[PDB]
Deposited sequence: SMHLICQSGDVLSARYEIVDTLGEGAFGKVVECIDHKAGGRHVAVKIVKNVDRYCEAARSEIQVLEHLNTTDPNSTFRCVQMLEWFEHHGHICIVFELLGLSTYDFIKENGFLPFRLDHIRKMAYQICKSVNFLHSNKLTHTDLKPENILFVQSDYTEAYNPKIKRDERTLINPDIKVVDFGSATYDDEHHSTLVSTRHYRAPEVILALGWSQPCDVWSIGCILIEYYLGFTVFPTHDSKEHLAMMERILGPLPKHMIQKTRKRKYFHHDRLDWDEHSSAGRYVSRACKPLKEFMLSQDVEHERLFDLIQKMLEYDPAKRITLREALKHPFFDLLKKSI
């Protein structure tokens, strides 16, 4: 990786790297000047030369080629791929240049939360976009703030003040069609290995929204049974039917979760977490509307869980309507 993507390098005899925008498990993303197109800047995704990540990159190009053709204007806010190429055995995908991810923006503002009016618009766009994926037999499976990106003209910089937050959605290398990729936004049916599909995206959007509103993550765990105990503290006890169905019966004793809440980590889930409604900062009706939508997105059972077509109909978005 390091050898083939430093500042000053030229890719495919026209893309001159000028900055590194970020680094991932897939590799790197660089900002480049496109010398054969007036000097317009672009973003270039540099994928590791590993079989896992090259098969994902090839799949990602197939998805982006389809989404970009189905939606030429990007009405549904999937990032647009301009071309791809190979560079010293690395797949490089060229994109339109966007701005900060929503995660970088909060992070570099001291983890301030977003304004509620921004959250309302950002949530509408994330829902409208991921619904468009779902209507094309797709599941993103890797929805998170790092993968939601502003379009640079949406904010100032000096201290970043967000102005008008048109967002785009990126990274389709984990995307899956219905024929036949997580961190702490992982849905319960995924943790429990009950199978999953598009509803797990809805759950991850719900985890994104609460983070927008708090500035910090509400499941700050790196352990899967602690994540489950957190869910119970914030959202209530998991459904008996899901507990009784998982092959992962390592986490439970009878119908209850196997967890000594007076252990040092059991005391951590009490300090770190509390029922969802109490996380609210106002009692204003627009705050009540947001958390109602979030409560529907954080529904345990993936069948009960609100779809995104219904989420677009939620009163929280009437102020835009």
query: Deposited positions without coordinates, collected into consecutive stretches in sequence order; finding: 1, 160-167, 190-195, 337-339
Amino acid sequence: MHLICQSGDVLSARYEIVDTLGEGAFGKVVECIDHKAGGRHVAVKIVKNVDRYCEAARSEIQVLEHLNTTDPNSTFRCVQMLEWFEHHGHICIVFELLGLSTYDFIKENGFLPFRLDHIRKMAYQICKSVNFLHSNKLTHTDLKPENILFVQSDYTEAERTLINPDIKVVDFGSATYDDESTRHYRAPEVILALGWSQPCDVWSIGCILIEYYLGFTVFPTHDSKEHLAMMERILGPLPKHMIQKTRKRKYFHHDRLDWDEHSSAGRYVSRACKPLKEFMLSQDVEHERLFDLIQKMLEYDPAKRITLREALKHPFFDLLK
From here on, numbers count along this sequence of modelled residues.
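We call the rigid core whatever largest set of C-alpha positions still superposes within 1.5 Å between the two forms.
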property	result
Between 125-133 and 247-255, the one whose CA atoms sit farther away in 7 other deposited structures of this protein (rigid core aligned)	247-255
Between stretches 93-101 and 146-154, more displaced by Cα RMS in 7 other deposited structures of this protein (rigid core superposition)	146-154
Mean C-alpha B-factor comparison - 104-112 and 243-251, higher one	243-251
216-224 or 79-87, whichever carries the higher mean Cα B-factor	216-224
Given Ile126, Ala158, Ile208, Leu162, the residue at which the Cα B factor reaches its maximum	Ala158
Residue of maximum C-alpha B factor among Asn147, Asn73, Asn131, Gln152, per deposited coordinates	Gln152
Chain-wide C-alpha B factor ranking for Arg14, given as lowest, middle or highest third	highest
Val202 - which third its CA temperature factor falls in, relative to the rest of the chain	lowest
Chain thirds of CA B-factor: placement of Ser174	lowest
Assigned third (lowest, middle, highest) for the C-alpha B factor of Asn68	lowest
Where the record places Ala187 (Cα B-factor, split into thirds across the chain)	middle
